[PDB]
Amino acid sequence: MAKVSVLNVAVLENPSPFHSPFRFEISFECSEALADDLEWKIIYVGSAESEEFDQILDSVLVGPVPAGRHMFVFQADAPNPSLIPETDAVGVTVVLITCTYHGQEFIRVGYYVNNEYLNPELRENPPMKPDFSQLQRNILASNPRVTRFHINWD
C-alpha cells in the first residue's frame, strides 16, 4: 500500500490570461520515507481527439521525501498555441497534474480547462485563426478528478 497520498492541489492565479503560467500549490503526505525522487508533471491536453497534441508544460523533481506532510509550488509556462488545433483552441479541454515513482505513475489529477474570449464580439464571431492574447483560461478547480494507480514501491 502506497507511500504518498496527495492532500491537496491549490489552483493559483485563476482565472487568468491564456499565456500566464499555470500555478499549483501541491500538498501531500508521505507515510514511509522515499529514498529516490518523485517526478511531478503538468500536462495540457491540446486536442481531445488525440493524445498526440498533449504538451508537457514542465516537470519537477522532489526528493528524497522524508515522512510527513509537505508542500511545494509547481509553476509552468502556458502551452504553445502553435501546437493546438484551431477547432480545440477555444472551448473546453483538460489540464493534468501527474506523479511518478520508479517510472510508474501512481496518481493523476485533472481539471477541466475552459478557454474563452472575454470580449463579447469575439464570443459572437471568433476568428478562424484564434487570437490567444484575447483568451482567458478558467480552470474549474472545484471539480478535480483524482485517479489512483497501484504501483511497485521499492
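So that there is no doubt, residue numbering starts at 1 and follows the sequence shown.
Trainee: Would you tell me which stretch averages the higher CA B-factor in the PDB entry, 112 to 120 or 58 to 66?
Mentor: The entry gives the higher C-alpha B-factor average to 112 to 120.
Trainee: Return whichever of 142 to 150 and 9 to 17 has the greater mean Cα B factor according to the PDB record.
Mentor: The deposited B-factors put 9 to 17 ahead on the C-alpha mean.
Trainee: Among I26, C30, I42, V90, which carries the highest Cα B-factor?
Mentor: The listed residue with the largest C-alpha B-factor is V90.
Trainee: By the recorded C-alpha temperature factor, relative to the other modelled residues in its chain, which third is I84 in?
Mentor: CA B-factor rank for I84: highest third.
Trainee: Ordered by C-alpha B-factor within the chain, which third holds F53? Give me lowest, middle or highest, please.
Mentor: Top third by C-alpha B-factor.
Trainee: Consider only the C-alpha atoms of the modelled residues in this chain, order them by B-factor as the entry records it, and name the third containing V94: lowest, middle or highest.
Mentor: For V94, whose C-alpha B-factor we compare with every modelled residue in the chain, the answer is the middle third.
Trainee: Should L38 be placed in the lowest, middle or highest third of its chain by the C-alpha B factor in the entry?
Mentor: Bottom third by C-alpha B-factor.
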